[PDB]
file input_15.cif (mmCIF, C-alpha atoms)
data_coords
#
loop_
_atom_site.label_atom_id
_atom_site.label_comp_id
_atom_site.auth_asym_id
_atom_site.auth_seq_id
_atom_site.Cartn_x
_atom_site.Cartn_y
_atom_site.Cartn_z
CA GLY A 284 -1.68 -6.49 15.60
CA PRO A 285 -3.49 -9.31 13.81
CA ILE A 286 -2.77 -9.69 10.14
CA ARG A 287 -5.73 -8.74 7.94
CA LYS A 288 -6.22 -9.38 4.24
CA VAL A 289 -8.23 -6.65 2.59
CA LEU A 290 -9.51 -6.58 -0.97
CA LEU A 291 -9.76 -3.32 -2.88
CA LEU A 292 -11.29 -2.80 -6.30
CA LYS A 293 -9.48 -0.39 -8.58
CA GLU A 294 -10.67 0.89 -11.95
CA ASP A 295 -7.83 1.31 -14.47
CA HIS A 296 -7.79 5.12 -14.52
CA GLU A 297 -7.52 5.49 -10.74
CA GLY A 298 -4.61 4.91 -8.39
CA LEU A 299 -4.85 2.90 -5.20
CA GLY A 300 -5.63 6.06 -3.23
CA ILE A 301 -2.85 5.75 -0.64
CA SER A 302 0.42 7.43 0.25
CA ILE A 303 3.18 5.25 1.65
CA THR A 304 6.40 5.81 3.61
CA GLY A 305 9.20 3.48 4.64
CA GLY A 306 10.81 0.42 3.12
CA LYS A 307 13.95 -1.62 3.73
CA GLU A 308 16.51 1.19 3.35
CA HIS A 309 14.61 3.13 6.00
CA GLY A 310 14.61 0.20 8.44
CA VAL A 311 10.83 0.34 8.78
CA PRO A 312 7.90 -1.35 7.06
CA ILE A 313 6.09 0.11 4.07
CA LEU A 314 3.52 2.18 5.95
CA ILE A 315 0.26 3.82 4.77
CA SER A 316 0.66 7.53 5.58
CA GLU A 317 -2.45 8.88 3.82
CA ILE A 318 -5.81 7.56 2.65
CA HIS A 319 -7.15 9.74 -0.17
CA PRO A 320 -10.89 10.47 -0.05
CA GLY A 321 -13.05 8.92 -2.76
CA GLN A 322 -10.26 6.69 -4.05
CA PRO A 323 -10.18 2.86 -3.88
CA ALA A 324 -8.52 2.44 -0.45
CA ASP A 325 -11.07 4.84 1.07
CA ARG A 326 -14.00 3.18 -0.73
CA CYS A 327 -13.00 -0.31 0.45
CA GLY A 328 -12.92 0.70 4.13
CA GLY A 329 -10.35 -1.73 5.53
CA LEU A 330 -7.07 0.16 5.13
CA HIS A 331 -5.98 2.81 7.62
CA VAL A 332 -3.19 5.28 8.23
CA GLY A 333 -0.57 3.45 10.29
CA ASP A 334 -1.15 0.08 8.63
CA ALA A 335 1.98 -1.67 7.40
CA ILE A 336 1.76 -3.30 3.96
CA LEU A 337 3.36 -6.74 4.37
CA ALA A 338 2.32 -8.07 0.96
CA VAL A 339 0.16 -7.28 -2.04
CA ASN A 340 -1.42 -10.01 -4.20
CA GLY A 341 1.05 -12.46 -2.67
CA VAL A 342 4.13 -10.29 -3.31
CA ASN A 343 6.13 -10.04 -0.08
CA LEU A 344 7.07 -6.39 0.55
CA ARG A 345 8.50 -6.89 4.06
CA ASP A 346 12.07 -6.65 2.76
CA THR A 347 11.72 -4.44 -0.32
CA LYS A 348 13.12 -0.96 -0.88
CA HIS A 349 10.68 1.92 -1.03
CA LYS A 350 10.83 2.36 -4.81
CA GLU A 351 10.48 -1.34 -5.60
CA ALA A 352 7.38 -1.51 -3.39
CA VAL A 353 5.98 1.54 -5.21
CA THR A 354 6.54 -0.16 -8.56
CA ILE A 355 4.94 -3.44 -7.50
CA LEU A 356 1.96 -1.64 -5.98
CA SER A 357 1.55 0.61 -9.02
CA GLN A 358 1.42 -2.48 -11.26
CA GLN A 359 -1.63 -4.00 -9.55
CA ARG A 360 -4.94 -4.02 -11.43
CA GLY A 361 -8.56 -4.80 -10.71
CA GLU A 362 -9.22 -6.62 -7.47
CA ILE A 363 -6.17 -6.32 -5.20
CA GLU A 364 -5.45 -8.11 -1.94
CA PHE A 365 -3.44 -6.28 0.73
CA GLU A 366 -1.90 -8.17 3.62
CA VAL A 367 -1.62 -5.59 6.39
CA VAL A 368 -1.09 -5.12 10.10
CA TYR A 369 -1.56 -2.07 12.26
CA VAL A 370 1.78 -1.04 13.76
CA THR B 4 14.47 14.59 3.67
CA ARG B 5 11.62 12.06 3.88
CA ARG B 6 10.42 9.59 1.24
CA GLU B 7 6.65 9.60 0.69
CA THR B 8 4.97 8.40 -2.50
CA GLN B 9 1.36 8.82 -3.55
CA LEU B 10 -0.10 5.78 -5.33
#
call {"tool": "encode", "arguments": {"input": "input_15.cif", "output": "structure tokens"}}
result
Amino acid sequence: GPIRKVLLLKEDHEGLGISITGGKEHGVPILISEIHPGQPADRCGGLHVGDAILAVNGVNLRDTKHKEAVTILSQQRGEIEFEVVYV
Amino acid sequence: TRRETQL
């Protein structure tokens, strides 16, 4: 799968609108498992279930544990660039 | 026994 970089716009009150699985301890990439309707990832239209999150705003998540990826992702604000590939 | 987090 070709790498894509996708920008989403998040207001402060809302989450990213995704569920993720995986991470280093699981021996698989951080994977989008759900796209929540009406939330930023859905509104932006470039992120899909089955996409691996390789990086976010230039933070490499290829080798991060699940919880650390969650924390990094949950810290992002405003306009947020995802580097993703469909697995 | 599966890790899934909503974000």
call {"tool": "atom_distance", "arguments": {"input": "input_15.cif", "atom1": "atom CA of residue 361 of chain A", "atom2": "atom CA of residue 284 of chain A"}}
result
27.2 Å
call {"tool": "residues_around", "arguments": {"input": "input_15.cif", "residues": "segment 317-327 of chain A", "least_positions_apart": "6", "cutoff": "9 Å", "atoms": "all atoms listed in the file", "output": "number ranges by chain"}}
result
A: 289-294, 297-303, 333; B: 9
call {"tool": "closest_residue", "arguments": {"input": "input_15.cif", "among": "A:316, A:358, A:343, A:304", "to": "residue 5 of chain B", "atoms": "only C-alpha atoms"}}
result
A:304
call {"tool": "resolve_selection", "arguments": {"input": "input_15.cif", "expression": "the PyMOL selection byres ((chain A and resi 365) around 8)", "output": "JSON, numbers by chain"}}
result
{"A": [287, 288, 289, 290, 291, 336, 337, 338, 339, 340, 363, 364, 366, 367]}
call {"tool": "resolve_selection", "arguments": {"input": "input_15.cif", "expression": "the PyMOL selection byres ((chain B and resi 6) around 10)", "output": "list in words"}}
result
residues 303, 304, 305, 306, 309, 349 and 350 of chain A; 4, 5, 7 and 8 of chain B
call {"tool": "closest_residue", "arguments": {"input": "input_15.cif", "among": "A:345, A:285, A:332, A:362", "to": "residue 313 of chain A", "atoms": "only C-alpha atoms"}}
result
A:345
call {"tool": "atom_distance", "arguments": {"input": "input_15.cif", "atom1": "atom CA of residue 347 of chain A", "atom2": "atom CA of residue 307 of chain A"}}
result
5.4 Å
call {"tool": "atom_distance", "arguments": {"input": "input_15.cif", "atom1": "atom CA of residue 348 of chain A", "atom2": "atom CA of residue 328 of chain A"}}
result
26.6 Å
call {"tool": "closest_residue", "arguments": {"input": "input_15.cif", "among": "A:368, A:330, A:335, A:314", "to": "chain B", "atoms": "all atoms listed in the file"}}
result
A:314
call {"tool": "axis_aligned_box", "arguments": {"input": "input_15.cif", "around": "segment 6-10 of chain B", "padding_each_side": "5 Å", "output": "lines of an AutoDock Vina configuration file"}}
result
center_x = 5.2
center_y = 7.7
center_z = -2.0
size_x = 20.5
size_y = 13.8
size_z = 16.6
call {"tool": "build_atoms", "arguments": {"input": "input_15.cif", "residues": "segment 291-308 of chain A", "atoms": "N, CA and C atoms", "output": "CSV table (one decimal), in the coordinates of the input"}}
result
chain,number,residue,atom,x,y,z
A,291,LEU,N,-9.2,-4.5,-2.3
A,291,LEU,CA,-9.8,-3.3,-2.9
A,291,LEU,C,-10.0,-3.5,-4.4
A,292,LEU,N,-11.0,-2.7,-4.9
A,292,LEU,CA,-11.3,-2.8,-6.3
A,292,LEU,C,-10.9,-1.5,-6.9
A,293,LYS,N,-10.0,-1.6,-7.9
A,293,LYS,CA,-9.5,-0.4,-8.6
A,293,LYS,C,-9.9,-0.4,-10.0
A,294,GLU,N,-10.5,0.7,-10.5
A,294,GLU,CA,-10.7,0.9,-12.0
A,294,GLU,C,-9.3,1.3,-12.6
A,295,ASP,N,-9.1,1.1,-13.9
A,295,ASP,CA,-7.8,1.3,-14.5
A,295,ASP,C,-7.3,2.7,-14.3
A,296,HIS,N,-8.2,3.7,-14.5
A,296,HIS,CA,-7.8,5.1,-14.5
A,296,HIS,C,-7.3,5.6,-13.2
A,297,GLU,N,-7.8,5.0,-12.1
A,297,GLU,CA,-7.5,5.5,-10.7
A,297,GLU,C,-6.3,4.8,-10.1
A,298,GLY,N,-5.7,5.5,-9.2
A,298,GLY,CA,-4.6,4.9,-8.4
A,298,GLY,C,-5.2,4.1,-7.3
A,299,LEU,N,-4.4,3.6,-6.4
A,299,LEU,CA,-4.8,2.9,-5.2
A,299,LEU,C,-5.5,3.8,-4.2
A,300,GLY,N,-5.1,5.1,-4.2
A,300,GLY,CA,-5.6,6.1,-3.2
A,300,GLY,C,-4.9,6.0,-1.9
A,301,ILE,N,-3.6,5.7,-1.9
A,301,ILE,CA,-2.8,5.8,-0.6
A,301,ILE,C,-1.5,6.5,-0.8
A,302,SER,N,-1.0,7.0,0.3
A,302,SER,CA,0.4,7.4,0.2
A,302,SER,C,1.2,6.5,1.2
A,303,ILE,N,2.4,6.1,0.8
A,303,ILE,CA,3.2,5.2,1.6
A,303,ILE,C,4.5,5.9,2.0
A,304,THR,N,5.0,5.5,3.2
A,304,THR,CA,6.4,5.8,3.6
A,304,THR,C,7.1,4.5,3.9
A,305,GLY,N,8.4,4.6,4.2
A,305,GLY,CA,9.2,3.5,4.6
A,305,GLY,C,9.7,2.5,3.6
A,306,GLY,N,10.1,1.3,4.0
A,306,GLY,CA,10.8,0.4,3.1
A,306,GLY,C,12.2,0.0,3.7
A,307,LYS,N,12.8,-1.0,3.1
A,307,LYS,CA,14.0,-1.6,3.7
A,307,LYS,C,15.1,-0.6,4.1
A,308,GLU,N,15.4,0.3,3.1
A,308,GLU,CA,16.5,1.2,3.4
A,308,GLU,C,16.3,2.2,4.5
